[PDB]
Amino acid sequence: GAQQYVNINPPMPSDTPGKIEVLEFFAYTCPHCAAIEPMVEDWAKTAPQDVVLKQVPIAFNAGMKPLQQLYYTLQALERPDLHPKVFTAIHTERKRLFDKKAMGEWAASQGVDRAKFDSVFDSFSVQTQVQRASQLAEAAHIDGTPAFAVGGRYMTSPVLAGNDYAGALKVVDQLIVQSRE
C-alpha cells in the first residue's frame, strides 16, 4: 500500500451541486489545526471554482463537544470573522476558552450580545449541526486532526501523507540531474 490516503466506504453523500466538497476536520484545541488555519483559509481563496471547503469541528471526547457548539454558534451569529480568532485566543493568547461561560465572556469581548450568544449556543439547530458534524467525522473514520475528506470518497491527513513513495523517486530524479551537473 503506497497511497497517501484511504477510500471512504461506503462513500458519503453530497451537497446538491456539482461542487467537489472538501471537509477539514479540526478542533479549536488542536495546535496543528491552529497553525494551519491561515493556510487553509488562504488555500480556499484560490481553490478550483468547482470545489467548496467545509470546516467541521470534531469531538474525540465529551470535553470537546463545547468546542463544536462554539464553532456553529459563531456561524449562526453571522460572525465567521471570529472563527480564526478562537484559535489565536486559545493557542497564541493562552485563554482558557473551554466552557460556555468562558466562551461567552470572550464572545461579548468581541462585540457579541451575551443574551443572543447564550440562546444560540443552546439552540436546537446548533445541537443538530454538532450531531451531523461528529456524524460526518465517523463516516470518514477520522484518525485525528487535522483530517481531510474529499468528494466524500477519499480521506487524508498529515500522517497518511507522511510517506511519499513516488515523491522520493521524484526527488531521486532531481538529485540525478543535480549530480550529473
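Numbering starts at 1 and runs along the sequence shown.
- For the pair 149 to 157 and 125 to 133, the mean Cα B-factor is higher in 125 to 133.
- Remark: stretch with higher mean C-alpha B factor among 93 to 101 and 69 to 77 is 93 to 101.
- Of the candidates 46, 119, 55, 29, the PDB record gives 119 the highest C-alpha temperature factor.
- Between the residues 22, 172, 12, 166, the entry's highest C-alpha temperature factor is the one at 12.
- In the PDB entry, a CA B factor belonging to the highest third of its chain's modelled residues is recorded for residue 142.
- Per the deposited record, the Cα B-factor of residue 62 falls in the middle third when ranked against the other modelled residues of its chain.
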